[PDB]
Structure formats: structure tokens, C-alpha cells
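Student: One structure is given below, represented as C-alpha cells, and several questions about it will come after.
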DNA sequence: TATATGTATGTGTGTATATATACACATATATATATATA
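Numbering (the deposited numbering), first residue to last: 886 to 965.
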């Protein structure tokens with residue numbers, strides 16, 4: 886590690902924090918991406934969202950999913 | 001046609017009760033707006 890401090894190279898990994906977050910994290914190139922969690926059902930055509938990505942408020946997400954007219958053409962009602 | 005005469009509003013003081021709003025700054029994302037293509 887002292888050698889790596891002299892030459893500025895990385896040995897031990899330094900990952901993002903996943904504490905108090907139930908979704909999953911992926912590295913695609915030079916960035917990290919954080920994913921939510923849904924639960925598909927065709928018996929009652931209802932998707933049950935169970936988690937949002939990191940630092941996403943809930944009512945701002947719901948109003949953003951309500952304003953977009955291309956997405957509103959497939960939903961009847963959106964309930965919290 | 002002037003007069004009263006009983007109506008109705010209306011700020012104002014101290015000590016309380018509960019809220020509201022404009023602006024700067026960076027950067028990533030967004031949802032609709034737009035040419036001209038035709």
C-alpha cells in the first residue's frame with residue numbers, strides 16, 4: 886500500500902455505500918448506476934414498485950411519472 | 001327636506017396561536033417545442 890501511495894495506483898477496492906438501500910449497483914464503464922426494484926404481475930396487470938434509486942424522494946418521483954404524457958397512456962391509476 | 005336614531009363597520013394596544021415568500025450559485029436531467037426534409 887505504501888508502494889501504491891508512492892505511485893498513485895489502486896489495490897484495495899473503494900466501493901459506493903449500499904447501507905440502508907435495498908436495490909443493486911452496477912459498474913458500466915467509467916460510472917456506477919443504481920437500480921430500483923419492481924415486481925411484475927400479469928394476473929391483475931399491476932406492477933408493484935418496492936424501491937426507488939439512491940436519494941430519490943417519493944412524491945417528486947410520483948409527480949414526474951404523472952406528468953410525462955407518453956407514459957400516462959398505459960396507466961389507469963397510480964396509488965401510494 | 002332637514003333631522004335624529006338606531007343600526008352596522010373599523011383600526012388599535014400586548015400577549016398569545018398557526019403559517020407564507022423573493023434572490024445567488026453549478027450541473028445533470030427533463031418535457032415538450034421547433035426546422036426543413038419531404
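Using N, Cα and C, we set each Cβ at its ideal position, and we do this for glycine too.
If we require 4 or more residues per run, which alpha helix (DSSP H) segments fall completely within the region 891 to 963?
Tutor: The qualifying runs are 943 to 952, 954 to 957.
Student: Tell me whether the beta-carbon of residue 963 lies closer than 8 Å to the beta-carbon of residue 947.
Tutor: Translated into positions along the first chain, residue 963 becomes position 78. Translated into positions along the first chain, residue 947 becomes position 62. A contact, by the Cβ cut-off of 8 Å.
Student: Could you tell me how far apart the beta carbons of residue 917 and residue 898 are, in whole angstroms, since I believe they sit closer than 8 Å?
Tutor: By one-based count along the first chain, residue 917 stands at place 32. By one-based count along the first chain, residue 898 stands at place 13. The Cβ separation is near 12 Å, so there is no contact.
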